[PDB]
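Trainee: So I pulled this structure from the PDB, and the sequence comes with it:
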Amino acid sequence: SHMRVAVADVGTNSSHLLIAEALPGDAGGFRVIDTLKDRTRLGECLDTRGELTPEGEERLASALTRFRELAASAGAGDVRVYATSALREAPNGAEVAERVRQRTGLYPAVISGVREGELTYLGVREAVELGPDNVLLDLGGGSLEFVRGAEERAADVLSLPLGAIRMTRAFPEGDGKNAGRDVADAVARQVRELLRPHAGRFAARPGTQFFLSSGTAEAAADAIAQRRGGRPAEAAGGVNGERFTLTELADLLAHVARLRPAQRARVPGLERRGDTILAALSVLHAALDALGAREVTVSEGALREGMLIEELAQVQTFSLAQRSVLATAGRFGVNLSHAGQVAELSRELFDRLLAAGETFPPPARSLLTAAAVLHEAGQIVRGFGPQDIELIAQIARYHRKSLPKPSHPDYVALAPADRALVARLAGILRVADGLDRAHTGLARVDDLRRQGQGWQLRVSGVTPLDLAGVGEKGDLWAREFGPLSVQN
Ligand SMILES: [K+]
Ligand SMILES: [K+]
């Protein structure tokens, strides 16, 4: 009943963790239990080639070790990890992520900037009052997402390389009096060059509400509130829902550009961003000005909140879409997200095989779903008859070197057609667990076609770990249905 969930995002400035407990009623809601930030500073750990250094890998692994520990102390156990610009753009990111999974057990799965904007927008929705027409800016250390949408989800997402660290490094500050103003001006021109062909999609219309998320914008809201004679936001309840104007942002930026980098970390509210804050504030001002914004609201919800919403959405709606089967897997303490995603992928692969001509018996789909949800219940290695559950049991636990050997007592041998059914469904299920090996819930089958005497599988939303898992978990598919080639 007390089922707790953990999600994390690995970005360019820092890494973030949210541990929460879901709300009853298959509603899609959660109660926050714990949050954690880690100054992983991956964007400062890139080499001249853009590769993440062994020191960045260590900081990564360290953060995911902290995350895995806190998540288990709270009772979550498994953590879904998404990664944004630093690891996404690093030529060695796939390697880094596989290495870091070996060390910690957590795989940092790179998502597209569009999907980063999409999920961030759901996090903002969980924190503030979106209206019929919203434009969100999310400035990280590496990129800046522009998102527009209405009251429930994103409509258009653009992702630009205008991040706080990236812009600080791309316009190094000089030694003169106007050095800060000159960095601000040049950063502001870079924003204009890259946004200009897309500005209209995010431009102010009558009634448009503008929102900012993430730590630069939160620091700026705090600095502006303190410049209006306010108290530090940490002494208060945070900055969620605070509003400031474009003029106030402009005023703070002018002050910052006049200061020297070390002086900026003594500006109240900016003490933890002195090195990137000048460039960061230029990005924010220039972009908002390009879009015609005059006021913004700041949100403390971001990627990790939308990660929990998207997860709870699919997981709870799948149980509505066997509903006890996901619940019974809960009694065995399994990762319901993984189990539900593996069941959906099994469903997807099964239907294409049927449509291509493969004959299956009527209960086969129901059997594969049930074994899909109980594949990782250590204890196990409802409208199902006693013979069906035995079939389900053997599908969940299929291996060539079975723990009981045929000659050994207690060995359970089915009838030949059931043996053959188990093998064919276990090959489907294994491909499915491969497609969610990264535990992202993001894989989807797009097309599965016969290719000669074998098959060709097209998958989307798949990480390099997921694709590797199918290759390592698809040998049974090849014996049962024919050689399998996966693409995209
Ligand atoms: K971001
Ligand atoms: K310009």
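Mentor: Good, I have the coordinates. Residues are numbered from 1 along each chain as shown. Ligands and ions are numbered 1, 2, ... in the order given.

Trainee: mind saving the C-alpha coords of stretch 88-96 as PDB?
Mentor: The C-alpha trace of stretch 88-96 is given here as PDB (Å, rounded to 0.1, in the frame of the first residue of the first chain):
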ATOM      1  CA  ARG A  88      23.300  14.100 -24.600                       C
ATOM      2  CA  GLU A  89      25.900  16.100 -26.600                       C
ATOM      3  CA  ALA A  90      29.000  14.300 -25.300                       C
ATOM      4  CA  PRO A  91      30.500  11.900 -28.000                       C
ATOM      5  CA  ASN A  92      31.200   9.400 -25.200                       C
ATOM      6  CA  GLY A  93      27.900   9.700 -23.400                       C
ATOM      7  CA  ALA A  94      26.600   6.300 -24.200                       C
ATOM      8  CA  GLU A  95      29.900   4.800 -23.000                       C
ATOM      9  CA  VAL A  96      29.800   7.000 -19.800                       C
END
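
Trainee: what's it in contact with?
Mentor: 46, 49-52, 56-57, 60, 83, 87, 108, 110-113, 142, 464 (C-beta atoms under 8 Å, 6 or more residues apart in numbering). In this view, the C-beta of every residue, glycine as well, is placed from N, C-alpha and C.

Trainee: Is it in proximity to ligand 1?
Mentor: No - using C-beta under 5 Å from the ion, stretch 88-96 never reaches ligand 1; the gap is at least 10.7 Å.

Trainee: partner residues bridging the residue lying closest to residue 108 once chain neighbours are set aside?
Mentor: Leaving aside its chain neighbours, residue 108 sits nearest to residue 83 (4.2 Å; criterion: C-beta to C-beta, 6 or more residues apart in numbering). Per DSSP bridges, the residues bridged to residue 83 are residue 10, residue 110.

Trainee: can I assume residue 83 is in contact with residue 112?
Mentor: No - the criterion here is C-beta atoms under 8 Å, and residue 83 misses it with residue 112 at 11.0 Å.

Trainee: coming back round to it: keep only those of the contacts of stretch 88-96 that are in helices.
Mentor: Of these, the ones assigned to helices by DSSP state H are 56-57, 60, 87, 113, 464.

Trainee: Assign a three-state SS to the residue in the chain that ligand 2 sits nearest to, would you?
Mentor: Using C-beta to the ion, the single residue of the chain nearest to ligand 2 is residue 192, 4.4 Å away. Under DSSP: H, G, I helix; E, B strand; the rest coil, the three-state class of residue 192 is helix.

Trainee: wait, what's in contact with it?
Mentor: 286, 290.

Trainee: ok, so what distance separates it from residue 181?
Mentor: Counting by C-beta to C-beta, to the nearest Å, the separation of residue 192 from residue 181 is 16 Å.

Trainee: Check the offset of stretch 54-73 from the chain's centre.
Mentor: Distance of stretch 54-73 from its chain centroid, counting by C-alpha atoms, centre = their mean, to the nearest Å, is 16 Å.

Trainee: Give me the contacts around that stretch.
Mentor: 6, 8, 10, 15, 17, 19, 34, 36, 38, 40-42, 45-46, 52, 77-79, 81, 86-87, 96, 99-100, 103-106, 108.

Trainee: Look at residue 453 and say how many residues are nearby.
Mentor: A total of 8 residues lie near residue 453 under the criterion other C-beta atoms under 10 Å.

Trainee: ugh, wrong one, residue 366
Mentor: With other C-beta under 10 Å as criterion, residue 366 counts 15.

Trainee: quick one, what contacts it?
Mentor: With C-beta under 8 Å, 6+ apart, residue 366 has these contacts: 322, 384, 388.

Trainee: Check which helix or strand the residue lying closest to the first one once chain neighbours are set aside maps to.
Mentor: Nearest-residue entry for residue 322: residue 369, 5.6 Å, with adjacent residues in sequence omitted and distances by C-beta to C-beta, 6+ apart. When secondary structure is defined using DSSP states H and E, the element that contains residue 369 is helix 364-373.

Trainee: Tell me the first helix or strand C-terminal of that helix.
Mentor: helix 386-396.

Trainee: Distance-wise, check residue 479 relative to ligand 1.
Mentor: Per C-beta to the ion, to the nearest Å, residue 479 is found 45 Å from ligand 1.

Trainee: For that residue, which residues are in contact?
Mentor: 423, 427 are the contacts of residue 479 under C-beta under 8 Å, 6+ apart.
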